[PDB]
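Below is one structure, written out as structure tokens; comments come after it.
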Amino acid sequence: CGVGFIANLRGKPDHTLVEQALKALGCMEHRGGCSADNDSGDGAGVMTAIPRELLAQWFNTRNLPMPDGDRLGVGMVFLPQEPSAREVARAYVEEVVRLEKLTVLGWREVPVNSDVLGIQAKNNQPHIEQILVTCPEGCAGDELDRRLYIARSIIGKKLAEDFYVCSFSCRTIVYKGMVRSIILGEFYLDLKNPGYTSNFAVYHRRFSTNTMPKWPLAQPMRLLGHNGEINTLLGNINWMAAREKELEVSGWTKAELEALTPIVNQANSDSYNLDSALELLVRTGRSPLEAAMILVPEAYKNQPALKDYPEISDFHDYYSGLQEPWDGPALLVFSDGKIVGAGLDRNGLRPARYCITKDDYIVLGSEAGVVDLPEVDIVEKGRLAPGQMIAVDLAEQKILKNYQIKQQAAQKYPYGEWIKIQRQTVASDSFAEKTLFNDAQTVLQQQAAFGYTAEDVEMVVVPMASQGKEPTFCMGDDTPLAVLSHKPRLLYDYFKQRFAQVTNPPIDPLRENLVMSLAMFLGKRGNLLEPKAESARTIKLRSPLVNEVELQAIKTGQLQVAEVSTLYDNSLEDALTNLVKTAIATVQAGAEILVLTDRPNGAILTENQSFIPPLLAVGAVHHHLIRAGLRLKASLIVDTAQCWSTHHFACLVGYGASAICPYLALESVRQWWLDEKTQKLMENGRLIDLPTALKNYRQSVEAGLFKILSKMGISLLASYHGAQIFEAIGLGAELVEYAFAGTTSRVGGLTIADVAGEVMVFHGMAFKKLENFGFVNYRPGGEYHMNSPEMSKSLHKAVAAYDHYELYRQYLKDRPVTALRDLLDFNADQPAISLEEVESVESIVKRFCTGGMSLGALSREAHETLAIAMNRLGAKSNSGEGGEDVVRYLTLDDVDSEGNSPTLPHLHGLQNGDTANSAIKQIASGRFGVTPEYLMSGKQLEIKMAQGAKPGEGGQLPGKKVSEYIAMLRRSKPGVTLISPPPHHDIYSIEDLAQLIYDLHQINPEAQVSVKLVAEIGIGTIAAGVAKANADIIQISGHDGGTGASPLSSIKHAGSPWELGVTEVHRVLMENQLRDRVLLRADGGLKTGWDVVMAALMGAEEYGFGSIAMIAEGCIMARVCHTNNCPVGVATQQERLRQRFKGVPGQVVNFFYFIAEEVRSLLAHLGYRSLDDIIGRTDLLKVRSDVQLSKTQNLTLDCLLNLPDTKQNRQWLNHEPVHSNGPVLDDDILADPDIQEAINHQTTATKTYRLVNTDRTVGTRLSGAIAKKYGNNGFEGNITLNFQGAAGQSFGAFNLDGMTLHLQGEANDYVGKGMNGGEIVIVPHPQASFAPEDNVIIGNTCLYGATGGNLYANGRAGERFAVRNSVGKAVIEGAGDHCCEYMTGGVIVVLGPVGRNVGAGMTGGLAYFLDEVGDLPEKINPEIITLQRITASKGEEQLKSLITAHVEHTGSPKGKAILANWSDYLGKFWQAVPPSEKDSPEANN
Ligand SMILES: Cc1cc2nc3c(=O)[nH]c(=O)nc-3n(C[C@H](O)[C@H](O)[C@H](O)COP(=O)(O)O)c2cc1C
Ligand SMILES: *CC(=O)CC[C@H](N)C(=O)O
Ligand SMILES: O=C(O)CCC(=O)C(=O)O
Ligand code: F3S
């Protein structure tokens, strides 16, 4: 999406402004999307003032006196096409106006030209007319629009796509539709009419994840245009709906408030909802600015910029008890008709750039160079920083900046005073050290009864207590889905966490913690629309985990509080109805805190009792409070024995709990600590006192929640609280709809009676030590695991001799039900053909992929051997996210007769045609060794959004594993842990992904780009977006897949089966006509030709293998990959261990033959000759006739079997060989004979070009041609390329040595993304009417992943400057937040003010900051870097020399002045120094 506004504060309204708005819209075209016809637009529109000169004709035609400016109401109405339905609608619109006691003047037909629409938009088109209205009593302005709003809502109870009021206002009007940008004004004749005039325009071009256009869903909506995605929508909607019955505001009657009722609706888009909820807040007394400060509040805590504005802190402090954020990426552009403004989400995940002239003319938008204004007139170029707003007061003719706007709102009420008097704060640093139970067997028995298992305490609780963090582990979740297990499991295990991918980003819970909060509020949620001291009478918890001391203080507190039991003597089903009824009645009696205890009156669980599992209890009370209209009266505390893991807490808050007392878990820690075995081990060298174990355990939980919220990009637990950021697998419909309403659950599992049967299994075990199941590690007693040490061994043997493949196959076939595919079997429609007729192994093998395992997680022996193997086969390997040694790009020459090569001496089993070049080069959030030559060496390029083991998160390589070798490849520091950021800092939305894919197709026009997703509900939709974004291939990873290190909780509770994933993507693509755009690839636990065929039938065209491939080359399933101790040399970097690796490429060539030969024999059974014939043939599947579940009668597999008929139509299998970027500026640069000469003869050349914002990634196709011929450093020539104007995204991305790029103007985001060499210079027009150092000239995430090169910019940057810089050098003149965020080397100089969170995660390299204000120490992330004054002469001279070069390239008056007064300013620099540069000559002496 693209969004913006233009305002003319000082002049008469004109047509010129409207033209500029159409043209800016034109400039955002590449941010938009189109329907299946490739013609109709996903949406565009414009909001303007009511066009008074245009409607003066309508009155003149009727011989009618025109009402004055604020007295004419105009409704832009979408009406039905059918003649009689249209008149019914017209009459009804007339009717509700009459009943609101206003006067209908008549209707204006909207002049339109339909012949310009695309065929889908033409078929959907509503009939468009405007109704004109006045008030007979005298109504005007605020009161009129307030009555118009009441009237529009009423009409809106009959909302259809056919019947929709775009705007009903005496000040604003919205022209929108399902069109491309430059079609908007061709379709709406009024917009080209020189009588259409306006002092402002808000504009929007929409990008949607679908093919089917709906005119109402274009933007702007009534008040606002929205670029972004709400990521807590279900929660935000449930809370808001609960408030609707009981709306109350002075100078509103009840009837007027009821007329608005459907305020919120889970069936309208997230934007339609936010708009509607926002207008409620405006029409009832607040400016749009204030309303947006409530719905989408700033990250105000520990904001140093707020030091001087405590009323602003007070404002948010108050409201954060009343209203949770509508979170996720957001640029909002809004207009009242009185004010026109914009504001950013709390983390600023969309760009907003603005521009101000000498006449206070202002242009804001997603991109900078988009309205052409004479540059000499520009007096300021700025940007919005995270959470910031800017507005225009149209009447007063004033530009309002961030702090004024916000102070004007905060100071309206003594919010601080109210909090100080009314809020009770409940926090205790100290625990209860004294035990709950006294004897020994009691805690054991209770633990057994509440579902604890030996691995729960030993592998989850204990590490949390002892180490102060949730456990790290490795490999994938190898065991059965909870619903398929014969092993007892808790209700929690049926729930899979959801996570962000593509359409919105994860956030970094560690580097960007400062923006997140675990704070919660207990009690009556107060009146949102009318601020009162009362609303602040609440109990604030600093964290959802409440200890024993804290709970007593709550119970002692200033609120009414009621114990409600979850125990019962009768059936869970009825036990739960009495529960729900007791809650309802208890709140209706006046209680403000309900404590659902499974230990009522202090008493313990006996054998004569059972319980309602706490997730079911709270799910149930939350939704029934809601259904009874009572959820705002009370908060839920869960006092429960059955909560211990990080996942458990997340489900609880997520399904309605404000807080949890995990009393048995706290006791489990107390009894773990007390206990002579544990004491014996703390005395001889396992690690701690008891208050610390307790403190550590709480710290683990809290860190674990930060992690989980962040996988979805959510900052505040308060937002997560409503929302139900889960998919359920194995829960039947009655249950879901009972306790978990709105959760998807696709496969129909358990009834309420079945969950009882499961608690009773645990009850049977309770009424010696806890039982150990094989959950985490294989056991002979234990749960099934598909990768077991013996399966491995026998496979390793079968591969070793060119029968042993039998035991391996049978160990895999004597399996209990494990995955969804196991419930399936074949049902052939042809008779079986001979095996000789089936396509050859060599033909099948071309579809296999080896899967992207980082060079750090694996050894270069393991990693290279797979590449050679896969290249021999004619298939593909994937260099995962650790970059790749250049030595590997060349075919091997020097293989001797024993099959050794001095080029690759650590490998064995080689022949002369081999190459260890990975056919797939991966691009991941760390960008580790991501180089133009690395990019040119791929046949394919893969953008990794997520992997099955840890979808919400970034890659993870422990410091033990970062050898000198790994550090060299990644351009990082040797001993240092690498936790990659969870988002690509490049991809905060679908249109950002389109831009990354563009950059890849730019550098390497012949390479396919793939996008790697993880299976979860919503992947269908996301994948439609990815295809529209021009990808070639979509990978689907199952929850299943391996890893060299992930959180154990992530391995076990995040992500869904790939069966649900492939299927969902295949269907959505097909039913949207997008299926031929992409090749689909699948992975996650694939081992077997059988697996291959299942995947094929469900719609996969290629097949990925990770863990299995490691097993072929010698992996056992020792499962210490995260440890550096791999006993067999596959997943370690210790040299002496690498030396154990026996392993030759042939062994893995052999493995893929067994697979392919099994494919052939399954193709024989079915009677088809090639996978090409069966891909997507779902009607060839059936439900296995012999299976019997432990936990429910059976599942329901309709969602896996009901795919669209594929017997006849097979054209979707034909793909374009590579998608083009279209005609690009760089092509004209390369077709120039002076340029071709410069490249061929390594001579000098020079060219100059005018640019516009649609000119994106300039330079980069020329880098790619250079690196193709010479790699990164062979080019001895010199090309200067001079540009004038506003550069689009990724200017100078992947720059090489020998490239000088000069830009006179400004640039949008991602300047010098992956820069590797050469020089980028960016200066303002010499004409400029401003001090260059005070003004923005480049955008966000410049030098992302930079690996070399020099950048000089005579202006300010945005956020994440030099985000993950490895070797880049730069001098800029100011920046936003998160400067040098994951920097590992290079040098960054910033000659002006800088935002907060500097050097977060900064682990190597040095930065210099000029600080004239004195407050930079306030703005540093203090976790790694130290700040010091410059004292080392070598550092002084590093700085000078960089500033000296800025000046030579740039002419920067700020640099000159600095050099001229060198000693005056030296002492004003701070140097940022990570503890890895501390003894560098530039930091020390
Ligand atoms: C040792 C290990 C390291 C991996 N590292 C990466 C990574 O660098 N990049 C990535 O996209 N996936 C990574 N993963 C995920 C795999 O690429 C692949 O998606 C997954 O292993 C397939 O599931 P499977 O292990 O059951 O075959 C890795 C997997 C393992 C086993
Ligand atoms: C492109 C964009 O930011 C989408 C906005 C909103 N979610 C929608 O229109 O679907
Ligand atoms: O090497 C890395 O940085 C990450 C590899 C990884 O995330 C994994 O082992 O799953
Ligand atoms: S599990 Fe990992 S630790 Fe080694 S044996 Fe396999 S690579």
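Within each chain, counting starts at residue 1; across the structure tokens, chains are named A, B, ... in the order shown, with ligands numbered 1 upward in that order.
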
How close does chain A get to ligand 4? List, as a Markdown table, each residue of chain A within 10 Å, its nearest atom pair and the distance in Å to one decimal, counting only C-alpha atoms and all ligand atoms.
| residue | atom | partner | partner_atom_place_in_ligand_line | distance |
| --- | --- | --- | --- | --- |
| A:474 | CA | ligand 4 | 2 (Fe) | 7.4 |
| A:475 | CA | ligand 4 | 1 (S) | 6.5 |
| A:476 | CA | ligand 4 | 1 (S) | 9.9 |
| A:787 | CA | ligand 4 | 1 (S) | 9.2 |
| A:788 | CA | ligand 4 | 1 (S) | 9.9 |
| A:789 | CA | ligand 4 | 5 (S) | 8.7 |
| A:792 | CA | ligand 4 | 6 (Fe) | 9.5 |
| A:857 | CA | ligand 4 | 7 (S) | 8.9 |
| A:858 | CA | ligand 4 | 7 (S) | 7.5 |
| A:859 | CA | ligand 4 | 7 (S) | 9.3 |
| A:862 | CA | ligand 4 | 7 (S) | 9.0 |
| A:1042 | CA | ligand 4 | 1 (S) | 9.2 |
| A:1043 | CA | ligand 4 | 2 (Fe) | 8.7 |
| A:1044 | CA | ligand 4 | 2 (Fe) | 6.8 |
| A:1045 | CA | ligand 4 | 2 (Fe) | 9.5 |
| A:1107 | CA | ligand 4 | 6 (Fe) | 8.0 |
| A:1108 | CA | ligand 4 | 6 (Fe) | 9.8 |
| A:1110 | CA | ligand 4 | 7 (S) | 6.7 |
| A:1111 | CA | ligand 4 | 6 (Fe) | 7.0 |
| A:1113 | CA | ligand 4 | 7 (S) | 9.6 |
| A:1114 | CA | ligand 4 | 5 (S) | 7.4 |
| A:1115 | CA | ligand 4 | 6 (Fe) | 4.0 |
| A:1116 | CA | ligand 4 | 5 (S) | 3.9 |
| A:1117 | CA | ligand 4 | 1 (S) | 4.0 |
| A:1118 | CA | ligand 4 | 5 (S) | 4.4 |
| A:1119 | CA | ligand 4 | 1 (S) | 3.7 |
| A:1120 | CA | ligand 4 | 3 (S) | 3.9 |
| A:1121 | CA | ligand 4 | 3 (S) | 3.6 |
| A:1122 | CA | ligand 4 | 3 (S) | 7.2 |
| A:1123 | CA | ligand 4 | 3 (S) | 7.4 |
| A:1124 | CA | ligand 4 | 3 (S) | 7.5 |
| A:1125 | CA | ligand 4 | 3 (S) | 6.5 |
| A:1126 | CA | ligand 4 | 3 (S) | 3.9 |
| A:1127 | CA | ligand 4 | 4 (Fe) | 6.1 |
| A:1128 | CA | ligand 4 | 5 (S) | 6.0 |
| A:1129 | CA | ligand 4 | 4 (Fe) | 6.6 |
| A:1130 | CA | ligand 4 | 7 (S) | 4.8 |
| A:1131 | CA | ligand 4 | 7 (S) | 4.5 |
| A:1132 | CA | ligand 4 | 3 (S) | 7.5 |

Could you list, as a ChimeraX atom specification, all protein and nucleic acid residues with an atom at most 9 Å from ligand 1, counting only C-alpha atoms and all ligand atoms? /A:474-478,850-858,878-882,922-924,942-949,955-956,1012,1036-1045,1082-1087,1104-1110,1121-1122,1130-1131

Would you give me, as a PyMOL selection string, the residues in stretch 663-876 of chain A that DSSP reads as helix (DSSP H, G or I)? chain A and resi 663-673+676-684+690-711+717-722+733-739+752-766+789-801+804-813+820-823+835-837+841-845+860-873

Could you list the protein, DNA and RNA residues that have any atom within 10 Å of ligand 2, counting only C-alpha atoms and all ligand atoms, and write them as number ranges by chain? A: 1-3, 31-33, 42-43, 204-210, 217-221, 225-231, 268-272, 274, 329-332, 350, 503-504, 988-991

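Distances to residue A:615 were evaluated for A:1439, A:638, A:46, A:907 using only C-alpha atoms, and the minimum falls at A:638.
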
Per DSSP on the backbone, filter stretch 108-186 of chain A down to the residues in strand (DSSP E) and report them as a PyMOL selection string. chain A and resi 108-109+127-134+164-169+172-177

Filtering to C-alpha atoms, could you give me those residues as a PDB file, in the first residue's frame?
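Writing done, so here's result04.pdb:
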ATOM      1  CA  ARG A 108     -26.457  14.006  -7.994  1.00  0.00           C
ATOM      2  CA  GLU A 109     -25.441  11.269 -10.389  1.00  0.00           C
ATOM      3  CA  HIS A 127     -24.120   2.530  -9.064  1.00  0.00           C
ATOM      4  CA  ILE A 128     -22.669   5.774  -7.725  1.00  0.00           C
ATOM      5  CA  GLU A 129     -24.634   8.823  -6.611  1.00  0.00           C
ATOM      6  CA  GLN A 130     -24.418  11.570  -4.066  1.00  0.00           C
ATOM      7  CA  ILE A 131     -27.261  12.600  -1.739  1.00  0.00           C
ATOM      8  CA  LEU A 132     -27.431  16.289  -0.681  1.00  0.00           C
ATOM      9  CA  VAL A 133     -28.816  17.168   2.792  1.00  0.00           C
ATOM     10  CA  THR A 134     -29.403  20.142   5.121  1.00  0.00           C
ATOM     11  CA  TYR A 164     -22.401   1.216   1.202  1.00  0.00           C
ATOM     12  CA  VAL A 165     -21.995   4.862   2.245  1.00  0.00           C
ATOM     13  CA  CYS A 166     -18.365   5.958   1.516  1.00  0.00           C
ATOM     14  CA  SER A 167     -18.710   9.326   3.314  1.00  0.00           C
ATOM     15  CA  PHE A 168     -21.536  11.266   4.967  1.00  0.00           C
ATOM     16  CA  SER A 169     -20.164  14.652   5.923  1.00  0.00           C
ATOM     17  CA  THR A 172     -15.306  15.573   3.438  1.00  0.00           C
ATOM     18  CA  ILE A 173     -15.954  13.334   0.477  1.00  0.00           C
ATOM     19  CA  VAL A 174     -14.293  10.158  -0.718  1.00  0.00           C
ATOM     20  CA  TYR A 175     -13.902   9.129  -4.317  1.00  0.00           C
ATOM     21  CA  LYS A 176     -12.622   5.523  -4.444  1.00  0.00           C
ATOM     22  CA  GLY A 177     -12.836   2.247  -6.378  1.00  0.00           C
TER      23      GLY A 177
END
